[PDB]
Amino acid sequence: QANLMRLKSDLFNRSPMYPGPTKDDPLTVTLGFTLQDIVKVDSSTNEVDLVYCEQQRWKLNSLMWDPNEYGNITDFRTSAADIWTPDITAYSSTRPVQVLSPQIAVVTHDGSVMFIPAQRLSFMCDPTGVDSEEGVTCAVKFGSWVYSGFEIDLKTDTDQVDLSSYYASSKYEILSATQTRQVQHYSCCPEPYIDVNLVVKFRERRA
């Protein structure tokens, strides 16, 4: 307990709160979605509700340590409010995202962080054709709200969304689920922003 208490104290005191990435000190966040359920489809407003886990990984030099200096501690768990986190946002939500899991991250001696928030998202989607054989396709972009491609870059380990935890008895069955990196420009800003586009084809499951 003493060693971890010391490590946590030293990582916090060694330097003030990390000010986020810069053009000169950029960061690459690895995103990966685990789609658990398509809960609701609303045809009167064209909103669809998803339950998923957004897996996030990044590395920070400021969170690095030598295990030999801190009782061979290789990693630890900490509140996500105690460390810097990326501002990964759904670009087309219709409601504030609901967080379903504790806000705790895992920090490793190499400075790498893993943070997996489970969330419920309500986003823009016309479900017309959900009841058909072909089903309906809907997409939502995820990325930083304020950091461009020069400050925050995004990466995926695979183009395939994890469906190994998708609720079998859900009202909707998944025909396809894709997560692909893309670089866009916006009216507000001159720099190119980067995002992970979550595209999911689904239909009503027969009882």
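Residue indices: 1-based, along the sequence shown.
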{"property": "Entry-level comparison of average CA B-factors, 12-20 and 195-203, reporting the higher stretch", "result": "12-20"}
{"property": "Stretch with the higher entry mean CA B-factor, where the candidates are 160-168 and 60-68", "result": "60-68"}
{"property": "Ranked C-alpha temperature factor of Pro96 among modelled chain residues, by third", "result": "lowest"}
{"property": "CA B-factor placement of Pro102, once the chain's modelled residues are sorted into thirds", "result": "lowest"}
{"property": "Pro86 - Cα temperature factor, lowest/middle/highest third of chain", "result": "middle"}
{"property": "Where the record places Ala118 (Cα B-factor, split into thirds across the chain)", "result": "lowest"}
